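J.: quick one, fold the following:
(chains A and B, ligands or ions: 2)
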Amino acid sequence: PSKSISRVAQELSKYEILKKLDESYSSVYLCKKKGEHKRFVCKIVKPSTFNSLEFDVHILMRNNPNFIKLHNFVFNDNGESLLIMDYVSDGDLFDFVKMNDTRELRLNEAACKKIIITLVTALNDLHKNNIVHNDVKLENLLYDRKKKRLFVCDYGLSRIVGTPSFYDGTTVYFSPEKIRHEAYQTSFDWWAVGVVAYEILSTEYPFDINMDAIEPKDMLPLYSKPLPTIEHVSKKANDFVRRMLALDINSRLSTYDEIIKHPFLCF
Amino acid sequence: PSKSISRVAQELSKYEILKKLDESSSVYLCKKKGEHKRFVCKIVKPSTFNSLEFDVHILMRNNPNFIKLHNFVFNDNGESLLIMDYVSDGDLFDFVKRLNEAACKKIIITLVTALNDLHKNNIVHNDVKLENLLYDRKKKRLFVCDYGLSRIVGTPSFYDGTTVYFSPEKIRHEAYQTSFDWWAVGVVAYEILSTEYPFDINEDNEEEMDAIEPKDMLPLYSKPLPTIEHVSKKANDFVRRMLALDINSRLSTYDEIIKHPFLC
Ligand SMILES: Nc1ncnc2c1ncn2[C@@H]1O[C@H](COP(=O)(O)O)[C@@H](O)[C@H]1O
Ligand SMILES: Nc1ncnc2c1ncn2[C@@H]1O[C@H](COP(=O)(O)O)[C@@H](O)[C@H]1O
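T.: Numbering: from 1, shown residues only, chains lettered A, B, ... in the order given. Ligands and ions are numbered 1, 2, ... in the order given. Below, you will see the structure:
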């Protein structure tokens, strides 16, 4: 009606920037409507860098409590594009394993079990759409010890199942198959889940590294070495991460059903 | 900073609605301040937008046979907007209601190539038809349009789109797959080469085309395809194999299709 256009300019003119939240293709800011309380997150993406599938993940998972609702989104071919989303938490799983722990953050085995069940279930829900998250890692799993609610975030590297893969994302989370340029598949996400599970359970990275120069093929020798036992977690928890990170996919929990039926995740 | 919001709002404020484009989602012709180039602004109803429509636009940005998207505004509690190129005042349907074989061969090669490029993303258009193929008669240029029913390969299917373009496999509720698009291409190819619908129903009787159930298409595919009189034997062989009921007798893949003598 031509009021829509100016309403878009009117609505998205209410938002005011409070701070920069992140540390690049994108930058994330704390936002707020003038005179209104609720805090949002406004993500500004550079021109000619947007992964259109990031929009789909928000929409497809709108009704899943472990994904982040998208309130507004403006894409411009010849400029910046905006995503205005909920602010869900100040913390993430990396905060609970990092070396600088001034706030006495810890995740015991029970907390890891619950997080992993939620993560696996949430990623499975996404996978029903034949989309993979493709950058699952501690920094993209928001969590705080008051809500204790897990939010999967940053769908900017999401991909359609079956398409040719390339070396996007974080190398040290690459599955053997992604290193070998196999098509995007759910097993990519499940391997990253395995690394996350090892990290929150042990507070250490599974494989033998200290790193800007680490390359995908450098990971393969490391995957061939024994996975260290996590000393102070259960035998079931150890058996879980071993089978999550088996080099041979034919010995690995590489599917939803395999993962969710393992003793560790059962009660 | 906040300057980015101002600029983002500013860019979209340059567009002005000129007129609506139907007597029938609503599509409008739009103009931009400082451009003679026209655009198409498509306002989609809240709650019913297929997110993948946006992806097809973006993924096919550099393909000349898809429509370029310039802006997209989404509001979870409002109306969403797509601002895209205005490419043509008509489509292959309007244009068929006298294409010679050579002209049809070019259109088919272009369409098959364009759709193959889309299929590299494991996306299927899923509503290929004459009315969704815009055609600039001046430049003989083809544009695939209306990605509102696009789907990802391997997801379960339902009876969306246009029944009379449904493949045997879509009628049988197989998962979405490239062959859905290729069957529709076969119908398009038959239509432009012959000016007629291949199967034994009155395509000018609207009520009947709209009412026919998917299951009732399958007996029609059993019948032999009428020969197209004044086109090549190669052309006739092409449409015959594009629309073979038995998929083992059908050109159901890009490599199969593009290697047929008619397209060589
Ligand atoms: N919905 C959100 N709510 C709260 N913090 C967020 C949110 N999204 C991103 N952040 C923070 O901003 C950082 C960079 O954004 P991103 O990588 O896109 O998640 C994240 O690692 C979080 O620290
Ligand atoms: N770029 C365009 N140029 C001219 N007519 C269009 C254009 N886009 C859409 N239309 C008309 O609007 C319908 C649907 O809009 P669309 O979203 O572009 O598929 C088409 O089937 C045409 O009738």
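J.: tell me which stretches of chain A form strands.
T.: A:15-20, A:26-33, A:39-45, A:70-76, A:81-86, A:131-132, A:141-142, A:151-152, A:159-160 (DSSP state E).
J.: can I see the domain layout of chain A?
T.: A:1-87, A:88-267 (curated CATH domains).
J.: can you put those domains in TSV and add mean neighbour count?
T.: Any C-beta I mention is one placed from the backbone N, CA and C, and that applies to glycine too. Converted to TSV, the domains of chain A look like this (neighbours: other C-beta atoms under 10 Å in any protein chain shown):
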stretch	mean neighbour count
domain A:1-87	17
domain A:88-267	17
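J.: and those domains: which comes nearest residue B:147?
T.: domain A:1-87 (11.5 Å; C-beta to C-beta).
J.: any idea how far apart the tips of the closest one sit?
T.: By C-alpha to C-alpha, to the nearest Å, the extent of domain A:1-87 from end to end equals 32 Å.
J.: with stretch A:147-163 instead?
T.: For stretch A:147-163, by C-alpha to C-alpha, the gap between its terminal residues amounts to 37 Å.
J.: just how off-centre is that stretch within its chain?
T.: Centroid separation between stretch A:147-163 and its chain, computed with C-alpha atoms, centre = their mean, to the nearest Å, is 5 Å.
J.: does that stretch come close to chain B?
T.: Yes - judged by C-beta under 8 Å from any C-beta of the partner chain, stretch A:147-163 and chain B are in contact via A:160-163.
J.: find the nearest non-adjacent residue to whichever residue of chain A sits closest to ligand 2, please.
T.: Going by C-beta to the nearest ligand atom, ligand 2 is nearest to residue A:77 of chain A, at 14.7 Å. Distance criterion C-beta to C-beta, 6 or more residues apart in numbering or on different chains; nearest residue to residue A:77, sequence neighbours excluded, is residue B:70 at 4.9 Å.
J.: residue contacts, that neighbour?
T.: A:76-78, B:39, B:83-85 (C-beta atoms under 8 Å, 6 or more residues apart in numbering or on different chains).
J.: redo that, cut-off 7 Å
T.: Listed by C-beta atoms under 7 Å, 6 or more residues apart in numbering or on different chains, the contact set of residue B:70 reads A:77, B:39, B:83-84.
J.: got CSV for the residues you listed, with distance to ligand 1 too?
T.: CSV is the format used below for these (distance: C-beta to the nearest ligand atom, whole Å):
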residue, distance to ligand 1
A:77, 21
B:39, 31
B:83, 26
B:84, 28
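J.: identify the farthest-apart pair in the residues you listed.
T.: The widest separation within those (C-beta to C-beta) is 11.4 Å, between A:77 and B:39.
J.: the longest helix in chain A is where?
T.: Looking across chain A with DSSP state H, the single longest helix is helix A:109-127.
J.: may I have that one as CSV, with CA atoms only?
T.: The C-alpha trace of helix A:109-127 is given here as CSV (Å, rounded to 0.1, in the frame of the first residue of the first chain):
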residue,chain,number,x,y,z
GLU,A,109,28.3,-34.7,34.8
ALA,A,110,24.6,-34.3,35.3
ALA,A,111,24.7,-30.7,33.8
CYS,A,112,26.6,-32.0,30.8
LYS,A,113,24.1,-34.9,30.3
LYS,A,114,21.2,-32.4,30.3
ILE,A,115,22.9,-30.0,27.9
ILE,A,116,23.9,-32.8,25.5
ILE,A,117,20.3,-34.2,25.4
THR,A,118,18.9,-30.8,24.7
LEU,A,119,21.6,-30.0,22.0
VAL,A,120,21.1,-33.4,20.2
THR,A,121,17.3,-33.0,20.3
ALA,A,122,17.5,-29.4,19.0
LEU,A,123,19.9,-30.2,16.2
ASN,A,124,17.8,-33.2,15.2
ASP,A,125,14.8,-30.9,14.9
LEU,A,126,16.8,-28.6,12.6
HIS,A,127,17.9,-31.7,10.6
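J.: distance from the chain centre to it, please.
T.: Worked out by C-alpha atoms, centre = their mean, helix A:109-127 lies 12 Å from the chain centre.
J.: which residue ranges form the helices in the stretch 51-200 of chain A?
T.: Under the criterion DSSP state H, counting those that start in this stretch, the stretch 51-200 of chain A contains helices at A:53-60, A:109-127, A:176-179, A:186-202.
J.: CSV for these, including distance to ligand 2?
T.: Shown next, in CSV, are the helices of the stretch 51-200 of chain A (distance: least, C-beta to the nearest ligand atom, whole Å):
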stretch, distance to ligand 2
helix A:53-60, 17
helix A:109-127, 27
helix A:176-179, 35
helix A:186-202, 32
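J.: fine, thanks again, bye for now.
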